[PDB]
Each structure stands twice: as structure tokens, then as C-alpha cells.
Amino acid sequence: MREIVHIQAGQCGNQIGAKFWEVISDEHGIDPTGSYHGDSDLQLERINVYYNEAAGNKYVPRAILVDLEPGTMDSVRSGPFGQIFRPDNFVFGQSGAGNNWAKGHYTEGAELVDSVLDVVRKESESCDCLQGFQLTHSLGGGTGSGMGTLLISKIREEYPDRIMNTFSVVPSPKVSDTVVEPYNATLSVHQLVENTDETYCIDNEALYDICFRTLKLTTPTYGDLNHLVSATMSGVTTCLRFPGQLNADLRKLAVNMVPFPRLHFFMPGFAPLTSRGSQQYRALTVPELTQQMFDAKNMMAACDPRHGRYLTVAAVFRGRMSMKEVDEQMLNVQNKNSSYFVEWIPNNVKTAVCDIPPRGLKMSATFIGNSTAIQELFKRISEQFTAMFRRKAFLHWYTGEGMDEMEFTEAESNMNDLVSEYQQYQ
Amino acid sequence: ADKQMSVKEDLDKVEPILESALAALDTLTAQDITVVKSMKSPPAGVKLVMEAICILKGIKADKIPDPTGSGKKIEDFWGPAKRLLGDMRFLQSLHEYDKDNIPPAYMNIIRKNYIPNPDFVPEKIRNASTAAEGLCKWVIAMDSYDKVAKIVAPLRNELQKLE
Amino acid sequence: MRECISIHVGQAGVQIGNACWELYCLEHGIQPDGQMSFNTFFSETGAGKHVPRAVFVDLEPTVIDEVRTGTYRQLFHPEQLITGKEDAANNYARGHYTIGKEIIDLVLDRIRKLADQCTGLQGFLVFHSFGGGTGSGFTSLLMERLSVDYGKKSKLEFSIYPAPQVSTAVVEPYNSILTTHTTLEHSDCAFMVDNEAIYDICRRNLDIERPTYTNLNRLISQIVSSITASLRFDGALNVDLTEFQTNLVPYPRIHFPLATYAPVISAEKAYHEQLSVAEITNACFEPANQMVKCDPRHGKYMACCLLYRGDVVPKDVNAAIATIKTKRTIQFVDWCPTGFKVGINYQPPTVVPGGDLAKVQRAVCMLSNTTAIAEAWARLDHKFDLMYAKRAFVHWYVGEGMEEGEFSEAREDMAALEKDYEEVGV
Amino acid sequence: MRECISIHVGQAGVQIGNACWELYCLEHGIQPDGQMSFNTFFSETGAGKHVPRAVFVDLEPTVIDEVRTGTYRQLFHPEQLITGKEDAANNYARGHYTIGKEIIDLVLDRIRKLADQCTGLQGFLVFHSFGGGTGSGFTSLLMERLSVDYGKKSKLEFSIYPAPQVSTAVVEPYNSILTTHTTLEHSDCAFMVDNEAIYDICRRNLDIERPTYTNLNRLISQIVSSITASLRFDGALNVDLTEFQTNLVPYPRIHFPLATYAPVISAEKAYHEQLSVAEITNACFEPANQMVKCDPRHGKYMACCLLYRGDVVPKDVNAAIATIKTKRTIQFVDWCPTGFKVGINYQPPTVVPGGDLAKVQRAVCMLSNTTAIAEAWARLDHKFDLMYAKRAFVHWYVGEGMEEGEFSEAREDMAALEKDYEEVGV
Amino acid sequence: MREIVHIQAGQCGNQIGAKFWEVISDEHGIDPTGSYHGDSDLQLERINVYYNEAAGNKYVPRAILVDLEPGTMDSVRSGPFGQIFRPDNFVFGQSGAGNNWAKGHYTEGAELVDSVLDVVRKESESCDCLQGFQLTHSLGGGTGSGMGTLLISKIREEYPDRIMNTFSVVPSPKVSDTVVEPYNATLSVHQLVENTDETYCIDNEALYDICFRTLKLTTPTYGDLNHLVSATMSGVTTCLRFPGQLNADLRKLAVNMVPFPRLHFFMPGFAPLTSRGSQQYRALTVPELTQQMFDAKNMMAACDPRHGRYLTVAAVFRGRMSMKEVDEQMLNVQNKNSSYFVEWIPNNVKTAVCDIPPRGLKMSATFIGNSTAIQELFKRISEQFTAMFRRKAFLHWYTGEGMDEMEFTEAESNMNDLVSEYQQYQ
């Protein structure tokens, strides 16, 4: 029971999703042909969540692939794990959003949504009991922002009682990649704040930091960055998919992580983040993992944590460990970082222990933090956006698609509202 | 002119109830409403209140698939409510709603039962949900304002004829 | 015969159950197969395979799924095990109002069927957690139903109470308080154990550096075994469930005895020891050996009961008690001079293969009500006040069929309770 | 000896027959070959072979063709298996007026021949469907003929009644009503089972997720076996067909007892059970275990009969009944105090290879009249009224030798019936 | 028993018929030589319906081939399956109807009818018991409309008590193929309404839709379109030809499908409609098939179903399935399409389960819908026709053959009558 409906929108969404599926496949013993060849019974105990099995032990993800262009999703198909996806999943048009929110939401993507929603409906009724919808969609692109956001809205109208979680890849102010990245992000966020229960905000900057420093990969492939995010999402959903000493449902995490309706944004991490052959100087222990997780170098978000205080924390560990050890370990942690844990909430941390390791690490962990500090990320984008709006810049592309200045002003208001609330609960 | 001033005194007597409707619009909190609605099945009182909002909006109750026991399809107004609330600009839409543009059908539904109900009365709603206070107030105040548009608007038009 | 009912509710409840039913089997001499007077906890079926008089409920199917595949599997009834769709997710308003008022009626059915079996239905044991989602609302709901049905029958409550320090779940504080509001006016007696104290006991007395949930649970379970064995077994001075209620609850409202099982002694500590009757009495009264995070010296033992097992001779016990009364340090409440009942059972505790404990010839579970538990109440009231100042996580609950006013009234109740204890102390 | 006649009419009838004659053979110990006192349902041939005392009629030759090739084939003497040219095609006017008044006379012949065999002809069993074409008119016609011939003899009616929800055939509602018009004034007793309730029973109690017609049919057949075995076998308190008629029909018009066979227990549910006599009584009275889509609590049981089999001792039964009378919930009619007859038969039910049920030592078919069946009547009257407002499918019937006025009179009859039940309830 | 007399008239009729025969041949194990080489005994159990056996295991379809030209029917002969026909069964003239209704009905076809009727009479007398006459004849051609309609009239005069069913291929307004398509259709329909019991209306448009979208054949051969219709007709008649759990005679379907004398027109579908390798992503279940069938993409008629409500439905499934599953599945469906099921009739659907799959699909289904929506098809043709009649267009071709304006006016009246009746029962 409690099955999840995956979604991948935009090149970024589509590629992280690509690597994401591959990752979980290996975790559940599924090979490229959609056949099971795993020695762990526990994999197929709850295969349900992430895979719909058919005739002859074919195993197929509950995943919908959306791209306003054909190309990136055709690369998907060519890919090794691409064959496990269905054509039913591959739903595309042939007009590119071209990093325009208005193309994604209003125009090109409004034409392609109904078809996608039909596939959504196919995938909802095929569920024993639908739990949630995971959407991997960039904030700063065209097919992630507009098309992604539109998809979220309609889906929430259809199934309002269910979980909507989005591992949304956000702009990094220091490494901007696109023109109107500010425009895309701001318009996206305005909608996202109101349309999702939880959003895991991952910027490329932080990923690079991790790769360079810790994993010691000074040639990051998008593959490597993707591999990172993939493992993050796996960890989030391990509990549903495997037995545990304490088991955290997606709703459980949300409920434990959220002081208020609005402030649902999070920073995921992972441990152990080490290079190959940089594990022999180490020894895998609960303290080790916690220390790694609570370090700034192992945050997959823009904000430095220490520029604020974690409102809440939820550390979903994996592999075979003493609850006592974890308890005792994360009590110390509460005490040490007195400055960086919010007062409002005692027992800031929330520890969930899945009994399954990630097939090759004897222990592992996955952080989820809600920090007041992430206000800084929003500030950066607000600033970037604001300056360009002062010159009414790039306006013509958006006004061309029906969008209005007042909308943008309202999107700015949304951003302002988000940052003030964090300040209040600093 | 004195007659005009008298209708404008009528309005001044009515201005607080118009102000009450405005205050109801205001009492629509940022995201507490947004979340009480996000949650599936809040206190029935608030479910009555959002049903009242649905009637206010003019959106009709749908039919729940009939159970085995009962041939008749169950009358459900919460699903319309679910979608109505779901709208991102729903709170904005409440702020946009006009007293003049109120179905008399809605007043019939709401004033009679919902306006004089004890659970629907704000005190119980204050208990029921802090977020719902606004919503209940909104429905009540909207009905009073359509009570008020119905009585003062034709009178003001008659006054305009006198003027 | 005097015969009983088990009700494991929530993940905690079921885990404890997993441990509990192991123990009973090992004692009564039943195999996991069900093959071999145990009347109290095994109802001998037609075919044979004596099957537990137990109920197993969780909204999280994950937990009881583990039960269904364990070696303890063919022991339990198909009926015994009941499943729900989705977990309460640490919401009391999902345990009580939503998913509760759905599957509860099915559970009431199984209860009633089981009730019919019992010739002499003694009462009930309700393993839950003040601070899980399931066991916080659902437990209360179940209790309410059973009160309406039976009323006069015995009801007992092994409640995993929040450890003031140790952290599991963020909303934990809210849940406890709502449970208390409802529980205290149904359950005639409530033995509350918090995990932190048990962990303390694990580390110190058994020299175990990795306290797993399993080990903590075996300890919890042996506390019950002693409470029962008076019913389950022969011997001088045999106690009944009703006897505890009657003896330990002079004032009907205050029924929260602490428990403490001694000896808590490893394979080593067996030697370097002789385990005399009076040794074990002293051990029980030890401030550190309490199964709660409460110092008994910070009030007065209102009432005590001691349930000696194995080779215990009453004269030995009577002298130890004299000694205890002599010590002026260990204070007792004004109203009663002699605040003990002694039950001596010829059955010794028999310890679980692959476990903490070694063969202790003599053992004693002291169930001792004191005014000193008012300290743990205060702490938790404070935790709640702090978060309910902010009105945090208010949204989750309200939208699930709850009252904000319910939170206020709950505190009021707690204030009343605390006041009552103060009166008693005076 | 007391000896009987079987009449399977319509596809439903014959399918049930396929199941029925399997069961009897397995019980009496006859092979499908006919090789081996079963007098009642097997008439011994010249040497060795035994021949079923049955009639097999269908206008659709398709059905009985399957009979002629089955392993149950050589068991029958093809004196029995009668064929017609073309199927009644869910027209009552083809079953009665057209294809009926053609092949009926041949059937009357076979009946008469079989009647001559019987020394003591007890009576008849007529498996038909209120809502097939064959069994709706033809059955009525056959009944009429037999009433003219015998009159005094016993006639029984296992009628597959329309499930209020479940859908087979559009004209289904018309057929039932015309059958009722004619049937109620011939058949002295009519045990009516609808498929939906049987399906409910299949899913819940036996844990079967694919209820085929075969399985549903075996259940239907075991209900009869119990009704018979009093004739078919020895034992205390043995009942006769005439006894039911006498027992279950306080008012000569109302004779529609519901049936319900317990225990309905799979291979698993064998263990973790005690199958006691009194367990099985409670099970029978269960609102869910009824073989109709009727809640017995929505009226009063007027007269009830219970046909225990296997190792049942009367004292056990008498106490269970006391208990049942005690429960005020289960309402009885004011004016008849003791509304049971108990028949205890030393023969236990023996279960079909490759089937639903496992070895239940004790079993009981409760044939209970209630005023609560007036709910299922009303529903069907309504379905008919709705379609006969439109006068839909009127053309089919009329053109086949029917009266429009016959439809009106049928309803009138139904109104009268319903009124009678209301009177009885009062 | 219950044998059917096939007919194929006009190029269209002749070609669908060609493919139709080939299809059934494979289903019944008959090869091109008219020899049986099948491993399923059930094929030859009821070969009767569709084939005459002669000396040396001859297998001859009871099919009459009519074409006012020789050419298309000479292609038939050349074809692989063409040589299975007894050459005496091809009745042709050498004057082409040339898409003139008047040539088909009045003139050229009146000369060739008597010869054809003689062949009809041969076939009727060679029947053990004639059930019906299947006529595959286009509405919009010359040899289908006029000649076809004339054939129907005379045959109905000869055998009025029998079934006349016509899988009539109708104009598609969006893909008109012929000049006076309107004229042909309108004159045909006028006669058809009054001369047939059931007519399955199949337009080329819908077939294309199916091929393009679902079967993913973006090169439809008339072969492929034909293969579609062929399977449809096979499904209709599966019951007569094979044993079943519930068996629907042709008359049974008609009787279940028709509220009133006139509204006998239907829309067939089929499932599973999937491309090769597309099937993969599906997994064959009763729900799957139902969902496919009730989707607009799998309708072989012009009308969108949702532009109206199904008056009645009859889903004749094939292969080995749970009646319960089908029952339960199509109950949901009734509930889901609250707006697209007519109120008049409860149990709108009628389920028939043949026990034979179509030799290569483990499960399969065949829809028959009667939708008020099909009024739209008639409207389109009425409009097309009406405009051209306003200019008295193409009149000379018809007046030349004796036909009159008043006739056309009366044909318009027929069309108008058909659309109003549907409106009434909307």
C-alpha cells in the first residue's frame, strides 16, 4: 500500500529522474530489462511503492516523463535504463519552452497537460492506495517551472488529500546558467509555496562543493551531481519501501518537519560523503554519519546553515544501528549547536531508523533540515529578479504569452512574504 | 437632499455590516485558511462553513456515487469545496467577490439555518478552528451584506430618482 | 478460569508484543508453531496449536507485515492481525477522528469475538505509546469503546511515555497530552515506562554498550510477566489485576505506578553475586533502577507493590521490608502506614534465548506509585506550552477533525492532576 | 423410502446441478461412473450403476452439451437431459408461452416416469433463476403442470434472486416479477439466494479474491445438502421436507426463508479456530453471513430452523439458542415465542476436492424467515416501476404471447405481499 | 443448432466479409483448403453455426457473396481464403451499381436478386435450425445500399421470425469518399430502420483513430481496418459458437440492448487495442479491458459517447475470468459514468462471459453500446443530404431509375424521426 506516482519535467527533472530510477532499481534488485534479479526478499516485499509488475515478472516504474521538446526524453529512451520506461510514460510535444515560464504554464504546456493528466489518471486508478506524487522539476528552466507548476496545480485539484513532494533544483546565484533564471524561479516559487507539502531545494553549487571537496571529483559529471540527488530521494522514501525500527512515512516527515503551513522548504543532505579510498581513514559509526550530515560541506542547498538556526530536523538513517546510539548522539548535537537550533520547538531533531542499508554501505544516513537560513537563497533570487524588473527587462517574451506586470509584482510579494516569516521565527 | 442624507445615514447604520463583510474579507488569514483547507476533513462546522462558501460562490454540490445500501447518490458539497479552496487565488477570489453579485438562492440556503446556527455562530467556530473564524464570519457577513444590498440598494435607486 | 486479553497498538505496541509473546511461549513451554494451565494468555484451539488471546493493530501495515513473516507468525491468529491503509503519521487527529473511525469497528469485532471465548474475562492490557500517532488517539478511542461495552472489566496500560530528553518525534509533546485527557478517565491503571531510563538501565547494570529496541523491549516485557504470573501461576499471596487497581489506587484519579524489574544482571554479574531475596528488594528501591526518568526521593512513595518470583520465602521478604520502612530517607505518604502488598510466586522468570539476562532465581517487579512522577508531568506540560505558544503544527491536527480548545482543556486537566498530587504529598 | 426429484431449469439451474450432483456422489460414495441407502437422490440401476433421480432442462442446448462431455456425464441416463431448439433469451414470454409450450410436454413425460419409480415420492426441488429467461416462465409453467398433477406433494425452489446492485441482464427486473406472480401460488417453499451476498461471503470469510461461478455454486449446493441429509441420513430430531413447509410457513402465503451456511472456512482458518457448536450458531445469525443482500436486523425473524450436522450434541445446541434468545438485538416476533426447530444429523458435510472449504466437523444451515426480506422486494418493485414507466422492452414480451395487464397485476400482487409482511411485523 | 446465414454485398461488404471469414477460420482451426487442423475440440463442437461439413471433412461457410460487378468478387476468388467458398455461392451480374442506390435496389440488382434469394433458400433449408442472417454491407455505396437493402427486405418477408443483423459500414462526415454518399446513406437508413433487428454502425474514421493512436499503425491498410471489424463480429457471435459461464445468443443481445422497436443501432468496440510491444506496458486484467472498452478511442463509431449517455450496454467478454471481477468492475463503471448512463434503465450494463479466448490473447472483450449520442452521426448525414437536396442535386441519376422527390422527403422524415426519439430518451 501507499504507492507513489513519480513525475519528471524539463531536461533537469528528466535527467535527475533518469539517474533516480536507475538508483532505486539497483536498490530493489531490478535490472535494465525490468526483470528482478535480487537476493533480498525485502525488495519485493514493498516493490509496490515504486513499480507496477506485469506478465512474466516485468517490473515498470509508476513514472510519467514530460518534456515540451522530444529530444531529452528521446535520449532517455536510448539510455540503458530508458527501456524500463513505457511510451505511455513518454508524453511530449515538439515546441521547446526555451526557458520561458509562460511557454511552460500558459501556452505550449497547456496544450500538452491534458494528455499528461490522462496518464496521471491512468496511474492513479492503477494504485492499490495512492500516497503521493514526486515531481523532479527545475525551478529556473522552462519545462520545469511553467509546465511543472501547471502540472502540480491540476494534480492538487484532482487529488487534494495526497502528498505532493518536489525535489526542485533551484538557481545558484554564484553559477547562473540561464537568462531569466530569476523570472522563472520567482514565478515558480509563487505557485509552489501554495501547491506543495514539501519541497527539497537542491542547487548545483552545493553539489559541486560536495564533489570537489569531499568526493574529490574535480571533474563533476552531471551524472555525479545527479547520482547525489538520486540517493537523497531514495533515502527519503526508504521507510515506506523497507521495514524499520522506526518508520517515517512521507506524511510523517512532513508533519514532523513543518511548524507552519507555508515553511515547507527543506535542505537535504547525505552521508557518508567520501572519495574512493578516503574511506580507509574512516570507520562507519553513528557519530561519524551525524557529524558529516550536520557539516556545511554536506548540505545540498545554497544557504550556510550557521547563517540561521534549523527550525526542525529529520534524520532518516539507514542500515543496522542502535536507536540508543542515534538518540544519545543527536542529543549531544542539540546541545553543542545551541545557537543553530530554534527554541520554539524542543526535540528539534526527529530520528527514523530504516533497517535496510543502501546495498554496499554498511551504514548510511539522509538529512532533512528546515533552516531559517534558507531565507538567504530566496533573498538572492528576489534581489536578482528585482533589479531586472526595475528595467522591465525581457518583459516582451512574457507579455507576448499573456502575462502581466501585476503578476510579477505579486510574485515579488510572495518572495517578500517568504523571507519575513523566516525572520520572525529566527 | 435631506432624504439623500437619510439614505446615507441608513448606509452609515449599514456601513458597519458592510465593514463587517470587509473585516471578514480581511480575517481571511494568509495561509492558515490555506492549510485548514489543504487538510482533508476539518471540524464539520468548518465543513458546513466551506459548504456555505460554496453556496456563496454559487458552485453546486455534486453527487457522491450511491452506496449499496442507498440507491440515492449522497449529496456532497465538500468536493466542490475541495476544488474551490484548491484554487491558488481562492482567498483572492473571496476578496474579489461582490455583495451585489450574490444569488438570492445562496441567501435562502444560508440565512435560515447557517446564519442562526449555534455551531456556525463565530464563538463555536472560534473554538472549532482559528482559521475558520474568518470563513464563518465571511459567510455570515456576506449574507448580511446581501440582506443589506437587497434593502438599501433599491432604496438608494429610489433616492436617486428623488435626487 | 481468570483469563485475559492483549491489545498491541501502534508500532511500539506491536514491537513490544513481538517480544511479549516470545516470553510467554518460552514460559508456558509453547513452540512458535503453537504446538506443545496457560488459559490466561493462550486459548487452546480445537486443532491444538494453542493460539494467543491477543489483538494486533496498526495503521502502518509495515510493522505487522514483519510479524507475518517472523518465526512468530503461525503463533498468531489470522484474525489477531489487523491492518489499516495509511499510518497515523504522529497525528492524534488521524488516530482518533479519521483512520480510527474506519478500522476501529473491525477491531471492536475481533475484541468481541475474543471476549466470547473467555469464561472469566479478567481484563485487558493495552500496549500503546503516549507519543506515537496510532497509540495516542486510536488507543484513547479503543479504550472509550471498551468502557462503553464492559465498564466493570479490568484495563491496564503499558504506556511508552516521552523521555524528557531523548528525541523521536517533533509533535511528540502534543500527542501525550491529548492521550492523557482521554486515557486517565478510562484506564483504571497505567504503568508508564520511558525509553531513556531503560537505556540507562541497559548501559549500567548489564554493561551493554549498544542498547537496541529489542533488548529494551525484553526488559519491558518481563515487567508484565511478573504482573501476570500471579494469575498465570500458583503460590502464596497470589495477586490479581483487580488487586493492583484496588491496592495501588487509594484515590481513583491517581493511578500511575512506576515499575522496576530487578535483578537486571548479565552473564558475568551472575557470579560476583549471590542474588538474595533482600538484596533484590534494595535494588528495586534504587533511584537509578526506576524505569522512568524520575527520582523517587523528590516526593513520597504513595503506595508500593512487590511481586517476587521463583524461590522466594515470605520471612525473607518481611525482614527486607522492615529494613526499608526503617530507612527514613525513602519517604512514604502520610495517609497509609503499611504501603506494600507482597505476592510470592513459585514460578521463577525464565529468560529469552539470545538476550540481556541470565538465570536469576529470585526477581521482583516493584510497581510503586509516588508523587515524584509529578516532575515528569510538569516537564512535558512545559514542552507543550512552549510549542503551543507558537501554535506550531496546529494546522496538521485541526484539519483532521480536532478542536483548538481541546488543547487548552487538556492542559487544564494536567494542572488539576498535578494539584491533586501536591495535595496527596502534603 | 422417502424419495425425491431434482429439476434443474435454465443455465443457472443446470450449473448448480453440475455442482450438486458432484457433492451427493462424494457423500454417498458414488463415482462419476455411477459405480460404487442413497435412495432419496440415487435410484439404483439393474446392476452396480446408480442413476440420479434428476431432470435437466434448458432451451439453450449449449449448457447441457457441456454436461454431456464433462466427467459428470455417464453418471446420468440421457433419459434426463432434455434439449430445446433455441434459448429463451431472457424473455419470460418465450419460456412460458412459446418454446415452453412445445418441449414442456416431453419434460412432463420424463417427470412422470421418474415419479413412477419413487415408492414414497416425498417432493421436488426446482433450481431456477428469477431473472433468467428459461427459469422465469418455464419454471412457472412446469410448477403449474406439477401442481395440476400432484398437488399434495412437496415442492421446493432454490431461486437465484436478482442482486440489487450486481448486473447480469437488462430485462432481469421484469422476469422476477412475472415469476413471482405465478411461483408464489404453487411452490410451498422458496429459499432464495442472490449472487452478490454469496460473493461477499466468498471474499471475506474464505479470503478468496477471484470468486468464480463454480465456487459460489458449491456454497449454494452445500445449503441443500444440509436440508436433505435429514432425509438422506439417520440421527436425532430428523427433519422432512414437509416439516420445513409446516415449520417455516405460519401464514400460508409467506414462505421465503433465507439460508446461510456456516462455517465458511478456508484451509488456513481451520487452525486459530475451535469450530465449537455454539461458535457456529452465532456465525449463522451474523448480518454479513446471510446468503441474501438483506440485513436481518431491519425487521424480525418470525420462524427459524437450524440443521446441524456431524458431531453435534443437542445440549450444546440448546444453550447456544438460550443465548441467542437472550440477545435483545436479534428481534423475534411477539406472537411466536420459540421459533426454532433443531435437526441433528450424524452425517457431517463432506467437502468437494479442489474447493473453498476445509474439514468442518460441525456445520449448520439456518433457514430463517424474516420480515426483513421485504426490503429486497421493494427495491426490485422500484427497478421495475422505473423501467415500466418508460414501458421499455415491452415489445419483446408482448409479441411473444403476453399481456401488458399481466405486468400491472404482478405489481399489485407484490404490493399485497409487502403489505402482508408489514402486518406480520406489527 | 441456431445456424447463421452470412451475406456480403458491395466491395466494402465483400472485403470485410473476406477478412471476416479468414478470422473465424483461424478461430475454429480451419485452414485455406477447408480442412480442419485445430487442437481445440470446442471449435468443432459448434462448427455448425458458421460452416457446412461435407465428404472428406469439407468445411464450407454458409456465406452468400453478392456484387453487381464481377471484379471485386473475382479478386475474392484469387485470394488465399477465397477458395474455401463453394463457387456456387458467388452470385454476380456484370453491370456496376456505380454508387447509385437506384441501380442497386430498383434496376440492376432487382435482376440479380431472385438468383441470390434462391441461394438464400438453399441455405435456409440446409440448416438444422436457422437462427439469423448477417449482412456486411456498406451504407454509402451502390451494391451495399440499394442491393443490400433490397436483399434485406425480401429475406425478412421470407423468414420474419428470424434475426437480421447487419454490420453496416457508414459514411464518415470528415472523410467522405463518394459523391452521393448522403443520398445512399439516407435512402438505405430509411429502409434499414424498419427491416433489421440490430445494426452495428462502423465508420472508417473511428477505425483510423484506433489504428493511428493505439495500435500505432500510421500506415492503415484496408486489411487492418477490416481485421478490426472482423474481430468485432467474431466477438458478437462467440457465445453461440463456444460454451460459456453466461451465454448471449444473438436474440439475447438484441433483447438486452433494445429499449424500443426502433433504436436498434449500436456502436461496437474491442479490447485490448494495443500496438506490438505496446501491449507490454499493459497487463491483461478485467479492469484493464473494461477501461479500454469504455474509452472513446476504442469506439468504432463517429459519435463521441460523452456527447450523450449510453441507453444500454452489453459487454461480451472472452477468455477465463471471474464473473465476480467483471460484475464488481462494471458496477464501479456505472458509478463513475453517472452522467453517461441513462436513468430509465438500472443495471444499464449486461455482462456475458464466453469461456473461449480468441486464440492468442489470454483475455479479450467486445463492447456493444447503444448511445443517444449516435444521433449526431444521423444529424451529420441529414445535414449533408438536406443541403444537396435544396439544390435538387444529382437528382437526374435517380429520377432516371424511377425514383421520386417525395421518396427523398420521406427518407428525410425517417432521419428526423430517428434523431427526435434519441433526444426524448436523452
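We call the chains A, B, C, D and E, going by the order they appear; numbering starts again at 1 in every chain.
Just so it is clear, a contact is a pair of C-beta atoms (placed from the backbone, for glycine too) under 8 Å apart; a residue touches a chain by one contact, two chains touch by 3 or more.
For the interfaces B-D and B-C, the C-beta contact count is higher for B-C. Work out the mean CA point of chain C and of chain D, and you get 54 Å between them. For this pair, chain A with chain B, the centres built from the Cα atoms lie 39 Å apart. Across the assembly, chain E contributes no residue that touches 2 or more other chains. Multi-chain contact residues of chain B (touching two or more other chains): 32, 35, 38, 40. Touching two or more other chains at once are residues 165 of chain D.
Under the touch rule stated earlier, the contacting chain pairs are A-B, A-C, A-E, B-C, B-D, B-E, C-D, D-E.
Residues of chain E touching chain D in their complex: 1-2, 45-46, 129, 131, 239-240, 243-247, 249, 251-252, 254-261, 312, 314, 322-325, 327-328, 330-331, 334, 343-351, 425. Listing the residues of chain D that touch chain B in their complex gives 164-165, 293, 379, 382.
Contact residues on chain B toward chain A in their complex (touch as defined above): 30-32, 34-35, 38, 40, 82-83, 85-88. Chain contact summary for the complex, chain B toward chain C: residues 32, 35-44, 127-131. Of all residues in chain D, only 11, 60-63, 65-66, 85-87, 89-91, 133, 165-173, 195-196, 199, 202-203, 210-213, 216, 383, 386-387, 389-390, 392-393, 395-396 touch chain E in the complex they form.
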